[PDB]
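For the sequence shown, this note's numbering assigns the number -19 to the initial residue and increments by one for each residue that follows.
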Amino acid sequence: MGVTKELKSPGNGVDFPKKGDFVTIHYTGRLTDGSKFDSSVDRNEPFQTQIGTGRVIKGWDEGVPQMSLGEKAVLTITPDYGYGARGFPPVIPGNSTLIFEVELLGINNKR
Ligand SMILES: C=CC[C@@H]1/C=C(\C)C[C@H](C)C[C@H](OC)[C@H]2O[C@@](O)(C(=O)C(=O)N3CCCC[C@H]3C(=O)O[C@H](/C(C)=C/[C@@H]3CC[C@@H](O)[C@H](OC)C3)[C@H](C)[C@@H](O)C/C1=N/NC(C)=O)[C@H](C)C[C@@H]2OC
């Protein structure tokens, strides 16, 4: 529904994030017009977040637990599961579909 996932490279197929876990992710975020609005890869800084607890947009909270540890995937996120009608000024317009390349590098202490 609000997020769908295309697998690019498989993870270990065994370890999946659960609600409340902390995950480490490398990502690149783009608009559908091609604009890159952010990239942890470009700043060489893996991004850590608790998953499933609303600290990140819903598309991440729902999509990331579907990935196995080590997986590279692309999340396509509808506005309802992203920043909605307001967007995120100044970088994400209202009603933006978001495209995230995501690599699941760690779950809690597992790498
Ligand atoms: C003072 C606070 C700053 C504080 C910033 C940091 C700790 C730095 C951290 C690395 C954020 C990134 O800095 C390079 C940027 O990430 C993006 O570039 C990105 O790629 C992007 O979309 N994301 C980053 C990677 C994961 C997916 C997604 C995300 O969910 O991000 C969290 C966020 C903005 C949550 C909103 C929470 C509000 C609520 O209304 C909304 O519901 C709809 C959701 C974000 C991790 C938040 O938890 C922490 C912060 N937030 N600023 C807030 C809350 O205003 C977005 C577009 C903008 C972010 O810089 C402003």
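By construction, the Cβ of each residue, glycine as well, lies at the ideal position given by its N, Cα and C atoms.
Practice problem: Kindly indicate which three-state DSSP category residue 62 falls into: helix, strand or coil? | Solution: Against the sequence shown, residue 62 aligns to sequence position 82. Residue state, collapsed to three classes: coil.
Quiz item: Unbroken alpha helix (DSSP H) runs of length 4 or more, entirely within the segment -5 to 69: which are they?
Solution: 38 to 43
Quiz item: Cβ of residue 27 within 7 Å of any heavy atom in ligand 1?
Solution: Mapped onto the sequence shown, residue 27 falls at position 47. Under cutoff, so the answer is yes.
Self-check item: Identity of the residue in 34, 4, 77 nearest residue -19 by Cα
Solution: Position 1 of the sequence shown, counting from 1, holds the residue named residue -19. Nearest option by C-alpha distance: 77.
Quiz item: From residue 50 to residue 65, what distance separates their C-alpha atoms?
Solution: One-based indexing of the sequence shown puts residue 50 at position 70. One-based indexing of the sequence shown puts residue 65 at position 85. Between residue 50 and residue 65, the C-alpha separation is close to 33 Å.
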